[PDB]
């Protein structure tokens, strides 16, 4: 739509459930395609089928500022269920270091994969999950020094529930003095 508007996010309760207030500066559009014909687009309904791999193509409307890079998180704020989101935020994916307007298959030479992609975790009968993608700026020098999200050593050393025991993506962003600049989401349920 370009980037989501504040009013859109309030309607869907992404503010305050994902972002606790209205002061986010969403200026960078983010196109996200799992595969041809399967795009994340401002709260559209996507089938769970075909989400087992990292999006094939992501495109940003602009490059990050000089000496900054993007860090991208994909989360489920509605985990395990929409009615009882006791694991909010579940972190599916965290990649840091993006310099390019295009990210193909989730990585390039610049990127550090802090949490490798794992697809949506949705049981039948758990409502619609607002599977969300949050794009922020991090200093290049800090791209692998994210408090709360250490360099990856395998699943034994982290948890995806409650954002690696830092509760939320927003908390991680703000405690690292990062700047949110983009957002997209879809709704997913298990048939």
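Numbering follows the first chain given and starts at 1.
Note on 65 to 73 vs 123 to 131: mean CA B-factor is higher in 123 to 131.
For the two regions 1 to 9 and 180 to 188, the entry's Cα B-factors average higher over 1 to 9. When the Cα B-factors of 165, 36, 41, 57 are read from the PDB record, 36 comes out highest. Set against one another, the Cα B-factors of 92, 83, 109, 88 in the record reach their highest point at 83. Residue-level temperature factors show residue 175 in the middle third of its chain, judged at the C-alpha atom.
In the deposited entry, the Cα temperature factor of residue 146 places it in the highest third of its chain's modelled residues.
Residue 46: CA B factor in the highest third of modelled residues in this chain (values from the PDB entry). For residue 158, the recorded CA B-factor ranks within the lowest third of the chain. Only modelled residues enter the ranking.
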